[PDB]
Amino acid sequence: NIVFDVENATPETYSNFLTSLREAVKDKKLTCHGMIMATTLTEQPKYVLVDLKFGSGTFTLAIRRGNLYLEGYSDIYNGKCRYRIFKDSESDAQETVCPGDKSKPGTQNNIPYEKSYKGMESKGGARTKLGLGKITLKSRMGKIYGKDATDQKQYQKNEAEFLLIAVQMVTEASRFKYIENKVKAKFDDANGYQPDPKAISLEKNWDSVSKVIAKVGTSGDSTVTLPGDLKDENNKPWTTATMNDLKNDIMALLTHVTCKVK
């Protein structure tokens, strides 16, 4: 399991954190065009825990290794481990973030939406309006840590923002070198990096992009035709990319795929 000290983070420690997370979730044998890929959904352990730390405490995120899905997290509330799970979270997320917890979920535990971006945005607003970076993440962490979850007005809004920023800085940045670098470029800025159309496109096409790469039988550099409907950072169509650009600037971890060239 891995830990990221958000409060004291630097672009270097952030990159080191992502490398460590990728190593914890990658397939031990399979590679594709020199890139690493996620392991299966059947290989133990099911989850990898990510402890996000700041001055006041630690948030423990349950990330499913095979698909890098955030199934929930826990903090400390009234001196005890408090699990926060989505309405469609895996049934074992609760006992994963709060080991041995067999309590019945209540209002302090139930996040009022699905684990998807649409779910989170229902309370946090469009993520294109939220900046990714050390400042924004740390801010949301302090706003919700150990706080009464029944407050819809402030808490639920702040938590959705926390989740939107955390999932993109943790899972999306692990998947995409593109997002990792954009976040690093605005690491300590109060505004952070607001995801551009390319980052959004990648987030919505992790598997499809991985699959077009997997289908290429040519070794070395070549032109890869991307899935439909991707856009670049300027909101223009992004329809092809070279294998070198994909390996060097875009992809950091592909989905689990059968790939001809190693």
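Don't overthink the numbering: it's just position in the shown sequence, from 1.
212-220 and 231-239 differ in mean CA B-factor, and the higher of the two is recorded for 212-220.
As listed in the deposited structure, the average C-alpha B-factor of 109-117 and of 145-153 is greater for 145-153.
If you compare the C-alpha temperature factors of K198, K204, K29, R64 in the entry, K29 comes out highest. In this entry, the residue among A173, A160, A166, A190 with the greatest C-alpha B factor is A190.
Annotation for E71: C-alpha temperature factor in the lowest third relative to the rest of the modelled chain, per the entry. Ranked by Cα temperature factor within the chain, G133 sits in the lowest third according to the deposited record. In the deposited entry, the Cα temperature factor of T42 sits in the top third of values across the chain's modelled residues.
In this PDB entry, the Cα temperature factor of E95 sits in the top third of its chain's modelled residues, the highest group. For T60, the recorded CA temperature factor ranks within the lowest third of the chain's modelled residues.
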